[PDB]
>>> print(open('data28.txt').read())   # compact mmCIF, C-alpha atoms and all ligand atoms
# COMPACT_ATOMS: atom_id res chain seq x y z
CA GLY A 83 31.78 6.74 10.81
CA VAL A 84 30.66 9.10 7.98
CA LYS A 85 28.19 8.26 5.15
CA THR A 86 29.52 7.28 1.72
CA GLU A 87 28.60 9.67 -1.05
CA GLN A 88 25.78 7.46 -2.34
CA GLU A 89 24.45 7.17 1.22
CA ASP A 90 24.50 11.00 1.37
CA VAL A 91 22.55 11.44 -1.86
CA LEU A 92 20.03 8.86 -0.54
CA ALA A 93 19.74 10.68 2.82
CA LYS A 94 19.01 13.87 0.89
CA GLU A 95 16.19 12.23 -1.13
CA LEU A 96 14.81 10.80 2.17
CA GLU A 97 14.25 14.34 3.39
CA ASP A 98 11.12 14.20 1.18
CA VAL A 99 9.76 11.26 3.27
CA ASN A 100 6.94 13.42 4.73
CA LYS A 101 5.86 14.62 1.25
CA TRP A 102 3.31 13.22 -1.14
CA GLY A 103 5.34 12.82 -4.33
CA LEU A 104 8.55 11.45 -2.90
CA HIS A 105 10.81 10.17 -5.65
CA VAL A 106 10.48 6.52 -4.69
CA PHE A 107 11.98 5.12 -7.85
CA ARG A 108 15.04 7.25 -7.34
CA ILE A 109 15.21 6.01 -3.74
CA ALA A 110 15.12 2.47 -5.04
CA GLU A 111 18.09 3.15 -7.33
CA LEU A 112 20.10 5.04 -4.73
CA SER A 113 19.57 2.40 -2.04
CA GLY A 114 20.72 -0.58 -4.15
CA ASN A 115 17.13 -1.75 -4.44
CA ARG A 116 16.37 -1.28 -0.77
CA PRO A 117 13.62 1.34 -0.80
CA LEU A 118 11.40 -0.56 1.64
CA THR A 119 14.20 -0.99 4.19
CA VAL A 120 15.45 2.63 4.02
CA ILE A 121 11.97 4.17 3.98
CA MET A 122 10.77 1.98 6.88
CA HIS A 123 13.89 2.69 8.86
CA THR A 124 13.51 6.47 8.29
CA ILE A 125 9.85 6.38 9.30
CA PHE A 126 10.50 4.29 12.40
CA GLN A 127 13.23 6.76 13.54
CA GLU A 128 11.05 9.79 12.64
CA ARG A 129 8.13 8.40 14.70
CA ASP A 130 10.42 7.20 17.50
CA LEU A 131 9.00 3.70 17.15
CA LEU A 132 12.23 1.93 18.12
CA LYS A 133 12.27 3.55 21.55
CA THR A 134 8.56 3.27 22.07
CA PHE A 135 8.46 -0.48 21.27
CA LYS A 136 11.99 -1.28 22.46
CA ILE A 137 12.95 -2.58 19.02
CA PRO A 138 16.67 -3.33 18.79
CA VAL A 139 17.99 -1.53 15.73
CA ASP A 140 19.93 -4.57 14.34
CA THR A 141 16.73 -6.67 14.65
CA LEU A 142 14.73 -3.99 12.77
CA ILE A 143 17.25 -3.82 9.97
CA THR A 144 17.52 -7.62 9.74
CA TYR A 145 13.75 -8.01 9.58
CA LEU A 146 13.34 -5.25 7.02
CA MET A 147 16.02 -6.66 4.70
CA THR A 148 14.48 -10.14 5.01
CA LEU A 149 10.98 -8.77 4.29
CA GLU A 150 12.22 -6.77 1.31
CA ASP A 151 13.96 -9.91 -0.05
CA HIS A 152 10.66 -11.81 -0.01
CA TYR A 153 9.19 -9.32 -2.51
CA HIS A 154 10.02 -10.38 -6.06
CA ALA A 155 12.29 -8.15 -8.11
CA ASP A 156 10.97 -9.93 -11.24
CA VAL A 157 7.35 -8.76 -10.72
CA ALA A 158 6.84 -5.40 -12.41
CA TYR A 159 4.30 -3.77 -10.08
CA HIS A 160 3.80 -5.86 -6.92
CA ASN A 161 7.37 -5.58 -5.73
CA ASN A 162 9.36 -3.92 -2.94
CA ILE A 163 9.06 -0.46 -4.58
CA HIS A 164 5.26 -0.70 -4.43
CA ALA A 165 5.51 -1.84 -0.76
CA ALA A 166 7.81 1.11 0.01
CA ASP A 167 5.39 3.51 -1.74
CA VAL A 168 2.37 2.27 0.18
CA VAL A 169 4.29 2.56 3.47
CA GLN A 170 5.39 6.14 2.69
CA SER A 171 1.92 7.13 1.50
CA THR A 172 0.34 5.68 4.63
CA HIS A 173 2.88 7.58 6.69
CA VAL A 174 1.85 10.88 5.00
CA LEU A 175 -1.86 10.10 5.46
CA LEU A 176 -1.33 9.37 9.15
CA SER A 177 0.19 12.84 9.55
CA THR A 178 -2.89 14.63 8.21
CA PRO A 179 -4.03 17.58 10.51
CA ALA A 180 -7.52 16.11 10.90
CA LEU A 181 -6.00 13.07 12.59
CA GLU A 182 -3.49 14.82 14.84
CA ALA A 183 -3.17 12.89 18.03
CA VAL A 184 -6.11 10.62 17.15
CA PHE A 185 -4.25 7.25 16.84
CA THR A 186 -2.12 5.48 19.47
CA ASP A 187 1.49 4.46 18.82
CA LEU A 188 0.31 0.81 18.51
CA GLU A 189 -2.26 1.77 15.89
CA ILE A 190 0.36 3.74 14.03
CA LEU A 191 2.75 0.76 14.18
CA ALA A 192 -0.05 -1.46 12.89
CA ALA A 193 -0.81 0.72 9.91
CA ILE A 194 2.82 1.12 8.90
CA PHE A 195 3.75 -2.59 9.50
CA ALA A 196 0.63 -3.63 7.59
CA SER A 197 1.65 -1.40 4.68
CA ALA A 198 5.11 -2.86 4.65
CA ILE A 199 4.00 -6.51 4.48
CA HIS A 200 0.77 -6.03 2.56
CA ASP A 201 1.91 -7.53 -0.79
CA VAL A 202 4.91 -9.64 0.25
CA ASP A 203 5.73 -12.60 -1.99
CA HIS A 204 3.18 -11.46 -4.57
CA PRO A 205 3.52 -13.69 -7.70
CA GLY A 206 2.24 -10.96 -10.08
CA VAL A 207 -1.14 -12.53 -10.86
CA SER A 208 -4.63 -12.07 -9.52
CA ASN A 209 -6.60 -14.04 -6.96
CA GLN A 210 -8.91 -15.23 -9.73
CA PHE A 211 -5.95 -16.48 -11.77
CA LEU A 212 -4.63 -18.42 -8.78
CA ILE A 213 -8.05 -19.92 -8.20
CA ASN A 214 -8.62 -20.86 -11.86
CA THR A 215 -5.14 -22.49 -12.19
CA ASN A 216 -5.72 -24.68 -9.06
CA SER A 217 -2.59 -23.11 -7.54
CA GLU A 218 -1.34 -24.26 -4.17
CA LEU A 219 -2.05 -20.81 -2.67
CA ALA A 220 -5.66 -21.00 -3.69
CA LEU A 221 -5.98 -24.47 -2.25
CA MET A 222 -4.35 -23.43 0.97
CA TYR A 223 -6.68 -20.53 1.53
CA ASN A 224 -9.89 -22.05 0.18
CA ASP A 225 -10.12 -19.50 -2.59
CA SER A 226 -10.78 -16.72 -0.07
CA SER A 227 -8.60 -13.52 -0.21
CA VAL A 228 -5.87 -15.87 -1.36
CA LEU A 229 -3.05 -13.40 -1.89
CA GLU A 230 -3.90 -11.22 1.11
CA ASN A 231 -3.94 -14.25 3.46
CA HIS A 232 -0.56 -15.26 2.04
CA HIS A 233 0.94 -11.77 2.46
CA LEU A 234 -0.07 -11.84 6.12
CA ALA A 235 1.25 -15.33 6.76
CA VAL A 236 4.62 -14.55 5.20
CA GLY A 237 4.98 -11.15 6.85
CA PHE A 238 4.35 -12.71 10.30
CA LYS A 239 6.36 -15.87 9.66
CA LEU A 240 9.44 -13.86 8.79
CA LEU A 241 9.54 -12.57 12.40
CA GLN A 242 10.80 -16.10 13.31
CA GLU A 243 13.95 -15.85 11.24
CA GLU A 244 17.30 -15.26 12.97
CA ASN A 245 17.30 -11.89 14.77
CA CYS A 246 14.06 -10.85 12.95
CA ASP A 247 11.60 -10.62 15.86
CA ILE A 248 10.99 -6.89 15.98
CA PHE A 249 8.11 -7.36 18.43
CA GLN A 250 10.14 -9.41 20.91
CA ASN A 251 9.75 -6.74 23.69
CA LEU A 252 6.02 -6.16 23.28
CA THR A 253 3.73 -7.65 25.91
CA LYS A 254 1.29 -10.36 24.85
CA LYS A 255 -1.57 -7.84 25.08
CA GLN A 256 0.24 -5.41 22.76
CA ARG A 257 1.07 -8.26 20.30
CA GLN A 258 -2.45 -9.57 20.19
CA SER A 259 -3.89 -6.13 19.55
CA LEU A 260 -1.22 -5.36 16.96
CA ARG A 261 -1.75 -8.67 15.18
CA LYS A 262 -5.50 -8.26 15.01
CA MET A 263 -5.23 -4.77 13.55
CA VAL A 264 -2.62 -5.81 11.00
CA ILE A 265 -4.76 -8.72 9.87
CA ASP A 266 -7.87 -6.49 9.61
CA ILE A 267 -5.93 -3.93 7.57
CA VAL A 268 -4.22 -6.30 5.06
CA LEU A 269 -7.41 -8.26 4.43
CA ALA A 270 -9.10 -4.93 3.60
CA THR A 271 -6.65 -4.45 0.70
CA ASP A 272 -8.44 -7.21 -1.30
CA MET A 273 -10.34 -5.20 -3.97
CA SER A 274 -13.35 -7.45 -3.51
CA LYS A 275 -13.84 -5.53 -0.21
CA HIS A 276 -13.63 -2.08 -1.82
CA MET A 277 -17.40 -1.36 -2.14
CA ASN A 278 -18.05 -2.33 1.49
CA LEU A 279 -15.14 -0.27 2.77
CA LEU A 280 -16.25 2.72 0.75
CA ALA A 281 -19.89 2.34 1.91
CA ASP A 282 -18.68 2.36 5.50
CA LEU A 283 -16.35 5.30 4.92
CA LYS A 284 -19.34 7.23 3.42
CA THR A 285 -21.48 6.42 6.46
CA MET A 286 -18.75 7.70 8.64
CA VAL A 287 -18.49 10.99 6.69
CA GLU A 288 -22.29 11.40 6.93
CA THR A 289 -22.21 10.93 10.73
CA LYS A 290 -18.84 12.71 11.22
CA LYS A 291 -17.96 14.05 14.66
CA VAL A 292 -15.06 16.34 15.37
CA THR A 293 -13.59 17.30 18.74
CA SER A 294 -10.16 17.71 20.27
CA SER A 295 -9.09 20.95 18.49
CA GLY A 296 -11.11 19.91 15.40
CA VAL A 297 -9.76 16.39 14.86
CA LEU A 298 -11.87 13.32 14.20
CA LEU A 299 -13.66 11.55 16.98
CA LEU A 300 -13.30 7.79 16.75
CA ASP A 301 -14.49 6.21 19.96
CA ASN A 302 -14.82 2.49 19.23
CA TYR A 303 -12.64 -0.22 17.56
CA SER A 304 -14.98 -0.60 14.62
CA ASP A 305 -14.64 3.07 13.60
CA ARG A 306 -10.93 3.29 14.42
CA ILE A 307 -10.05 0.17 12.36
CA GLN A 308 -12.33 1.25 9.47
CA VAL A 309 -10.42 4.49 9.22
CA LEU A 310 -7.08 2.69 9.23
CA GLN A 311 -8.30 0.13 6.72
CA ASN A 312 -9.50 2.87 4.35
CA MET A 313 -6.28 4.81 4.95
CA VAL A 314 -4.06 1.93 3.79
CA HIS A 315 -6.53 1.14 1.02
CA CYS A 316 -6.15 4.83 -0.13
CA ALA A 317 -2.42 4.43 -0.05
CA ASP A 318 -2.70 1.22 -2.10
CA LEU A 319 -4.89 3.13 -4.62
CA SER A 320 -2.74 6.28 -4.49
CA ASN A 321 -0.83 6.00 -7.80
CA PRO A 322 -3.26 8.24 -9.83
CA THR A 323 -3.00 10.93 -7.10
CA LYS A 324 0.70 11.36 -7.52
CA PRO A 325 2.63 13.55 -9.93
CA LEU A 326 2.28 12.32 -13.46
CA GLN A 327 5.86 11.16 -13.81
CA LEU A 328 5.32 8.78 -10.86
CA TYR A 329 1.80 7.79 -11.91
CA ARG A 330 2.89 6.90 -15.41
CA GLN A 331 5.58 4.55 -14.20
CA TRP A 332 3.07 2.82 -11.99
CA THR A 333 0.71 2.51 -14.95
CA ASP A 334 3.47 1.05 -17.14
CA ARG A 335 4.27 -1.45 -14.39
CA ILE A 336 0.70 -2.57 -13.64
CA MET A 337 0.03 -2.91 -17.40
CA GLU A 338 3.10 -5.04 -17.82
CA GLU A 339 1.91 -7.28 -15.03
CA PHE A 340 -1.63 -7.43 -16.37
CA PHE A 341 -0.52 -8.16 -19.93
CA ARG A 342 1.80 -10.96 -18.74
CA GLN A 343 -1.15 -12.53 -16.94
CA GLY A 344 -3.27 -12.18 -20.11
CA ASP A 345 -0.55 -13.86 -22.15
CA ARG A 346 -0.61 -16.78 -19.73
CA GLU A 347 -4.43 -16.91 -19.84
CA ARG A 348 -4.39 -16.83 -23.73
CA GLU A 349 -1.69 -19.54 -24.01
CA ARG A 350 -3.80 -21.86 -21.79
CA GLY A 351 -7.16 -21.21 -23.46
CA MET A 352 -8.65 -19.30 -20.52
CA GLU A 353 -10.85 -16.28 -20.75
CA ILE A 354 -8.53 -13.23 -20.65
CA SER A 355 -9.17 -11.12 -17.52
CA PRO A 356 -10.33 -7.44 -17.66
CA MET A 357 -7.43 -5.31 -19.14
CA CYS A 358 -4.98 -8.22 -19.47
CA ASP A 359 -5.35 -8.38 -23.29
CA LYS A 360 -2.47 -6.45 -24.86
CA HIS A 361 -4.11 -6.93 -28.35
CA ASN A 362 -7.37 -5.29 -27.14
CA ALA A 363 -6.09 -2.64 -24.71
CA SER A 364 -7.01 0.94 -24.24
CA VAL A 365 -4.46 1.97 -21.55
CA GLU A 366 -5.68 5.59 -21.43
CA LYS A 367 -9.38 4.86 -21.39
CA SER A 368 -8.78 2.20 -18.67
CA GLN A 369 -7.03 4.76 -16.42
CA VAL A 370 -9.88 7.19 -16.85
CA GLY A 371 -12.35 4.45 -15.96
CA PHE A 372 -10.25 3.26 -13.00
CA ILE A 373 -10.23 6.86 -11.76
CA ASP A 374 -13.96 7.46 -12.37
CA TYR A 375 -15.33 4.24 -10.88
CA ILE A 376 -12.79 3.40 -8.14
CA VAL A 377 -10.06 5.92 -7.26
CA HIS A 378 -11.98 9.22 -7.36
CA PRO A 379 -14.97 7.96 -5.43
CA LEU A 380 -12.71 6.71 -2.66
CA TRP A 381 -10.40 9.73 -2.53
CA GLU A 382 -13.33 12.13 -2.69
CA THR A 383 -14.84 10.45 0.36
CA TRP A 384 -11.49 10.40 2.16
CA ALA A 385 -11.08 14.13 1.30
CA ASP A 386 -14.49 14.77 2.88
CA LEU A 387 -13.50 12.89 6.03
CA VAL A 388 -10.35 14.95 6.48
CA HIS A 389 -11.60 18.20 4.83
CA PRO A 390 -9.74 20.27 3.72
CA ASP A 391 -6.43 18.41 4.23
CA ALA A 392 -6.55 16.27 1.07
CA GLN A 393 -7.54 19.02 -1.42
CA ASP A 394 -4.18 19.12 -3.27
CA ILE A 395 -4.21 15.31 -3.55
CA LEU A 396 -7.72 15.36 -5.02
CA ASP A 397 -6.67 18.21 -7.39
CA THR A 398 -3.70 16.20 -8.61
CA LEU A 399 -5.96 13.20 -9.20
CA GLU A 400 -8.45 15.35 -11.20
CA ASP A 401 -5.57 16.87 -13.22
CA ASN A 402 -4.16 13.44 -14.02
CA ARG A 403 -7.59 12.22 -15.03
CA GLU A 404 -7.86 15.10 -17.55
CA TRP A 405 -4.44 14.36 -18.84
CA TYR A 406 -5.28 10.66 -19.56
CA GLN A 407 -8.73 11.69 -21.03
CA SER A 408 -6.94 14.08 -23.37
CA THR A 409 -4.62 11.42 -24.80
CA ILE A 410 -7.43 9.17 -25.87
CA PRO A 411 -7.53 8.67 -29.65
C1 LIG B 501 -13.30 0.05 -14.21
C2 LIG B 501 -12.59 -0.11 -15.57
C3 LIG B 501 -13.09 0.96 -16.54
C4 LIG B 501 -11.08 0.01 -15.37
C5 LIG B 501 -10.55 -1.04 -14.44
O1 LIG B 501 -9.69 -0.78 -13.62
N1 LIG B 501 -11.14 -2.33 -14.55
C6 LIG B 501 -10.63 -3.42 -13.69
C7 LIG B 501 -11.09 -3.24 -12.26
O2 LIG B 501 -11.83 -2.29 -11.99
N2 LIG B 501 -10.52 -4.03 -11.32
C8 LIG B 501 -10.59 -3.68 -9.90
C9 LIG B 501 -9.21 -3.23 -9.48
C10 LIG B 501 -8.22 -4.36 -9.70
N3 LIG B 501 -6.87 -3.98 -9.20
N4 LIG B 501 -6.31 -2.93 -9.84
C11 LIG B 501 -5.24 -2.42 -9.36
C12 LIG B 501 -4.63 -1.30 -10.13
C13 LIG B 501 -3.56 -0.53 -9.66
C14 LIG B 501 -3.06 0.53 -10.42
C15 LIG B 501 -3.63 0.84 -11.66
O3 LIG B 501 -3.25 1.83 -12.53
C16 LIG B 501 -2.34 2.78 -12.21
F1 LIG B 501 -2.70 3.44 -11.07
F2 LIG B 501 -1.19 2.18 -11.91
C17 LIG B 501 -4.70 0.04 -12.14
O4 LIG B 501 -5.16 0.49 -13.35
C18 LIG B 501 -5.84 -0.11 -14.35
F3 LIG B 501 -6.38 -1.26 -14.01
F4 LIG B 501 -6.90 0.64 -14.59
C19 LIG B 501 -5.18 -1.02 -11.38
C20 LIG B 501 -4.67 -2.83 -8.00
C21 LIG B 501 -5.38 -2.05 -6.90
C22 LIG B 501 -5.33 -2.68 -5.55
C23 LIG B 501 -4.90 -3.91 -5.34
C24 LIG B 501 -4.39 -4.80 -6.43
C25 LIG B 501 -4.84 -4.34 -7.83
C26 LIG B 501 -6.27 -4.70 -8.19
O5 LIG B 501 -6.88 -5.61 -7.64
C27 LIG B 501 -8.22 -4.83 -11.16
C28 LIG B 501 -9.64 -5.19 -11.57
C29 LIG B 501 -12.19 -2.64 -15.42
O6 LIG B 501 -12.56 -3.79 -15.56
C30 LIG B 501 -12.84 -1.50 -16.17
MG MG B 502 -2.48 -6.55 -2.59
NI NI B 503 10.46 -13.99 -8.41
ZN ZN B 504 -0.72 -3.31 -2.95
>>> encode(input="data28.txt", output="structure tokens")
Amino acid sequence: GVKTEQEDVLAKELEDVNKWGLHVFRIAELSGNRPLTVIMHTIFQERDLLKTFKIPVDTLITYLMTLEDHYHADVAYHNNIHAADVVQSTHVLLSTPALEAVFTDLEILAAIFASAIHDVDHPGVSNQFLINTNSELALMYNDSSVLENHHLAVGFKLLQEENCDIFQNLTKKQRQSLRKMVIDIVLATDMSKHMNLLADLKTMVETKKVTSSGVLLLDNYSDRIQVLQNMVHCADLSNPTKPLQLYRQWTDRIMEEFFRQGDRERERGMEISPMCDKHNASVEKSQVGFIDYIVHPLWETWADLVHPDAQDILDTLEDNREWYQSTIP
């Protein structure tokens, strides 16, 4: 009834689960390629979600292992390690002082479940690629948030596998509310929605109201769900805000994925997508641009919403940006 030694080393790494900068790649190695399952399980226990939602522990574990198995280990970026990272980053963001006691347990469950499923069965190519190849996914979803629709459908469908229904004890009202929030959150991870999400986050910062011991006041679904959508979207765009050793691995992985797509586009005579051309790449300059036009603007606005809680995150981002700028030939 005692942990094996590897299990003990893993449990020690998992003590960083409330920290930005958790060694997720190390967790992946120590868990036998089960970082999503072990991180989710830790977070569910930490937040007492099993008791609150009457989730049988065997059902949770079965679901999580099934979910993690529907991420592809042969995709370099959009795999179970990325899912685990987004979950853990969401979990840290949800714990920010400015949001203490703001969200209900069901909202919390929604954000974390959404994070866990948000890229499941990702094939390692873009929506545009799927559309332009006439792929079955694109046809199924009428070219509209193709991947994100698929991630949702798979994540929910997996609940029907043997002993996988983690929501079996929720009432229909709880399930309907949970399902709606999860859908709203995952669909918001499609980068085509980024400018609208950010515009709404800015509007919210400009009209910010604070209240119950200085935490945010969010008094309607539209504001509550916008915050959660931007929170998971921040987590999804969190790689440049992490310690350089983590960030660089994520950059290597996304570049591998992008260049593989570009190889497939080149071989078939298609126009090669932005940053998919390994023969015409500027990895460093691309990171600086990604930070300047997308990641910083979002994280700066998030940092304003939760001021001053996210200052060290924004400082790390700004440091990493200078690092990449400095390596430009
Ligand atoms: C603005 C430019 C100067 C630089 C640039 O980016 N693009 C392409 C571009 O703007 N977009 C929008 C974002 C898209 N996108 N990009 C992701 C991503 C993740 C990690 C990255 O690096 C490192 F953190 F690991 C990364 O870095 C590299 F691209 F810079 C990109 C994902 C984000 C969310 C969901 C799915 C992934 C997704 O949809 C890609 C297309 C330019 O065209 C010029
Ligand atoms: Mg995605
Ligand atoms: Ni595969
Ligand atoms: Zn993602």
>>> closest_atom_pairs(input="data28.txt", of="region 265-371 of chain A", to="region 381-395 of chain A", cutoff="10 Å", atoms="all atoms listed in the file", output="Markdown table")
| residue | atom | partner | partner_atom | distance |
| --- | --- | --- | --- | --- |
| A:280 | CA | A:383 | CA | 7.9 |
| A:281 | CA | A:383 | CA | 9.7 |
| A:283 | CA | A:383 | CA | 7.0 |
| A:284 | CA | A:383 | CA | 6.3 |
| A:285 | CA | A:383 | CA | 9.9 |
| A:286 | CA | A:387 | CA | 7.8 |
| A:287 | CA | A:387 | CA | 5.4 |
| A:288 | CA | A:387 | CA | 9.0 |
| A:290 | CA | A:387 | CA | 7.4 |
| A:291 | CA | A:387 | CA | 9.8 |
| A:297 | CA | A:388 | CA | 8.5 |
| A:298 | CA | A:388 | CA | 8.0 |
| A:309 | CA | A:384 | CA | 9.3 |
| A:312 | CA | A:384 | CA | 8.1 |
| A:313 | CA | A:384 | CA | 8.1 |
| A:316 | CA | A:381 | CA | 6.9 |
| A:317 | CA | A:381 | CA | 9.9 |
| A:319 | CA | A:381 | CA | 8.8 |
| A:320 | CA | A:381 | CA | 8.6 |
| A:322 | CA | A:395 | CA | 9.5 |
| A:323 | CA | A:395 | CA | 5.8 |
| A:324 | CA | A:395 | CA | 7.4 |
| A:325 | CA | A:395 | CA | 9.5 |
>>> write_last_selection(input="data28.txt", atoms="C-alpha atoms", output="tab-separated table (two decimals), in the frame of the given file")
chain	number	residue	atom	x	y	z
A	280	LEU	CA	-16.25	2.72	0.75
A	281	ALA	CA	-19.89	2.34	1.91
A	283	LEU	CA	-16.35	5.30	4.92
A	284	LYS	CA	-19.34	7.23	3.42
A	285	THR	CA	-21.48	6.42	6.46
A	286	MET	CA	-18.75	7.70	8.64
A	287	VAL	CA	-18.49	10.99	6.69
A	288	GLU	CA	-22.29	11.40	6.93
A	290	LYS	CA	-18.84	12.71	11.22
A	291	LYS	CA	-17.96	14.05	14.66
A	297	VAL	CA	-9.76	16.39	14.86
A	298	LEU	CA	-11.87	13.32	14.20
A	309	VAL	CA	-10.42	4.49	9.22
A	312	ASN	CA	-9.50	2.87	4.35
A	313	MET	CA	-6.28	4.81	4.95
A	316	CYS	CA	-6.15	4.83	-0.13
A	317	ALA	CA	-2.42	4.43	-0.05
A	319	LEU	CA	-4.89	3.13	-4.62
A	320	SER	CA	-2.74	6.28	-4.49
A	322	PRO	CA	-3.26	8.24	-9.83
A	323	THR	CA	-3.00	10.93	-7.10
A	324	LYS	CA	0.70	11.36	-7.52
A	325	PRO	CA	2.63	13.55	-9.93
>>> closest_residue(input="data28.txt", among="A:360, A:379, A:350, A:185", to="residue 276 (chain A)", atoms="all atoms listed in the file")
A:379
>>> residues_near_ligand(input="data28.txt", ligand="ligand NI 503 (chain B)", cutoff="8 Å", atoms="all atoms listed in the file", output="VMD selection string")
chain A and resid 153 to 157 205
>>> closest_atom_pairs(input="data28.txt", of="region 163-266 of chain A", to="region 117-139 of chain A", cutoff="10 Å", atoms="all atoms listed in the file", output="tab-separated table")
residue	atom	partner	partner_atom	distance
A:163	CA	A:117	CA	6.2
A:164	CA	A:118	CA	8.6
A:165	CA	A:118	CA	6.5
A:166	CA	A:118	CA	4.3
A:167	CA	A:118	CA	8.0
A:168	CA	A:118	CA	9.6
A:169	CA	A:122	CA	7.3
A:170	CA	A:121	CA	7.0
A:173	CA	A:125	CA	7.5
A:187	CA	A:131	CA	7.7
A:188	CA	A:135	CA	8.7
A:190	CA	A:129	CA	9.1
A:191	CA	A:131	CA	7.5
A:194	CA	A:122	CA	8.2
A:195	CA	A:122	CA	8.8
A:197	CA	A:122	CA	10.0
A:198	CA	A:118	CA	7.3
A:199	CA	A:118	CA	9.9
A:245	CA	A:138	CA	9.5
A:246	CA	A:138	CA	9.9
A:247	CA	A:137	CA	8.7
A:248	CA	A:137	CA	5.6
A:249	CA	A:137	CA	6.8
A:250	CA	A:137	CA	7.6
A:251	CA	A:136	CA	6.0
A:252	CA	A:135	CA	6.5
A:253	CA	A:135	CA	9.8
A:256	CA	A:135	CA	9.7
>>> axis_aligned_box(input="data28.txt", around="region 133-147 of chain A", padding_each_side="6 Å", output="JSON")
{"center_x": 14.2, "center_y": -2.2, "center_z": 13.6, "size_x": 23.5, "size_y": 23.6, "size_z": 29.8}
>>> closest_residue(input="data28.txt", among="A:339, A:151, A:404, A:334", to="ligand LIG 501 (chain B)", atoms="all atoms listed in the file")
A:334
>>> decode(input="data28.txt", residues="region 295-306 of chain A", atoms="N, CA, C and O atoms", output="PDB file, in the first residue's frame")
ATOM      1  N   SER A 295     -14.025  42.103  -0.697  1.00  0.00           N
ATOM      2  CA  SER A 295     -12.602  42.103  -0.229  1.00  0.00           C
ATOM      3  C   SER A 295     -11.575  42.433  -1.366  1.00  0.00           C
ATOM      4  O   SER A 295     -10.397  42.077  -1.334  1.00  0.00           O
ATOM      5  N   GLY A 296     -12.082  43.102  -2.376  1.00  0.00           N
ATOM      6  CA  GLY A 296     -11.244  43.534  -3.517  1.00  0.00           C
ATOM      7  C   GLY A 296     -11.144  42.506  -4.661  1.00  0.00           C
ATOM      8  O   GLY A 296     -10.215  42.527  -5.449  1.00  0.00           O
ATOM      9  N   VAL A 297     -12.118  41.628  -4.801  1.00  0.00           N
ATOM     10  CA  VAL A 297     -12.078  40.671  -5.900  1.00  0.00           C
ATOM     11  C   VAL A 297     -12.985  41.157  -7.013  1.00  0.00           C
ATOM     12  O   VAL A 297     -13.783  42.023  -6.802  1.00  0.00           O
ATOM     13  N   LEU A 298     -12.882  40.591  -8.198  1.00  0.00           N
ATOM     14  CA  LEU A 298     -13.711  41.061  -9.287  1.00  0.00           C
ATOM     15  C   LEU A 298     -15.181  40.829  -9.114  1.00  0.00           C
ATOM     16  O   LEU A 298     -15.576  39.871  -8.528  1.00  0.00           O
ATOM     17  N   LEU A 299     -15.979  41.735  -9.643  1.00  0.00           N
ATOM     18  CA  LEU A 299     -17.412  41.596  -9.612  1.00  0.00           C
ATOM     19  C   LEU A 299     -17.892  41.162 -10.976  1.00  0.00           C
ATOM     20  O   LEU A 299     -17.785  41.892 -11.923  1.00  0.00           O
ATOM     21  N   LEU A 300     -18.452  39.977 -11.066  1.00  0.00           N
ATOM     22  CA  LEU A 300     -18.932  39.472 -12.353  1.00  0.00           C
ATOM     23  C   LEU A 300     -20.347  39.023 -12.157  1.00  0.00           C
ATOM     24  O   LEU A 300     -20.552  37.970 -11.626  1.00  0.00           O
ATOM     25  N   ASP A 301     -21.323  39.815 -12.568  1.00  0.00           N
ATOM     26  CA  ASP A 301     -22.688  39.552 -12.080  1.00  0.00           C
ATOM     27  C   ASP A 301     -23.661  39.047 -13.124  1.00  0.00           C
ATOM     28  O   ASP A 301     -24.869  39.069 -12.921  1.00  0.00           O
ATOM     29  N   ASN A 302     -23.147  38.624 -14.266  1.00  0.00           N
ATOM     30  CA  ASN A 302     -24.006  38.070 -15.319  1.00  0.00           C
ATOM     31  C   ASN A 302     -23.213  37.006 -16.099  1.00  0.00           C
ATOM     32  O   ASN A 302     -21.977  37.083 -16.125  1.00  0.00           O
ATOM     33  N   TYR A 303     -23.905  36.059 -16.743  1.00  0.00           N
ATOM     34  CA  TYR A 303     -23.250  34.953 -17.461  1.00  0.00           C
ATOM     35  C   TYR A 303     -22.245  35.492 -18.502  1.00  0.00           C
ATOM     36  O   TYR A 303     -21.127  35.003 -18.604  1.00  0.00           O
ATOM     37  N   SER A 304     -22.634  36.509 -19.256  1.00  0.00           N
ATOM     38  CA  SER A 304     -21.810  36.973 -20.303  1.00  0.00           C
ATOM     39  C   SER A 304     -20.443  37.409 -19.797  1.00  0.00           C
ATOM     40  O   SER A 304     -19.431  37.059 -20.394  1.00  0.00           O
ATOM     41  N   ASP A 305     -20.388  38.104 -18.663  1.00  0.00           N
ATOM     42  CA  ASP A 305     -19.091  38.523 -18.101  1.00  0.00           C
ATOM     43  C   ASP A 305     -18.323  37.360 -17.461  1.00  0.00           C
ATOM     44  O   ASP A 305     -17.122  37.296 -17.540  1.00  0.00           O
ATOM     45  N   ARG A 306     -19.042  36.496 -16.761  1.00  0.00           N
ATOM     46  CA  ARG A 306     -18.450  35.345 -16.108  1.00  0.00           C
ATOM     47  C   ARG A 306     -17.778  34.404 -17.152  1.00  0.00           C
ATOM     48  O   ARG A 306     -16.616  34.038 -16.996  1.00  0.00           O
TER      49      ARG A 306
END
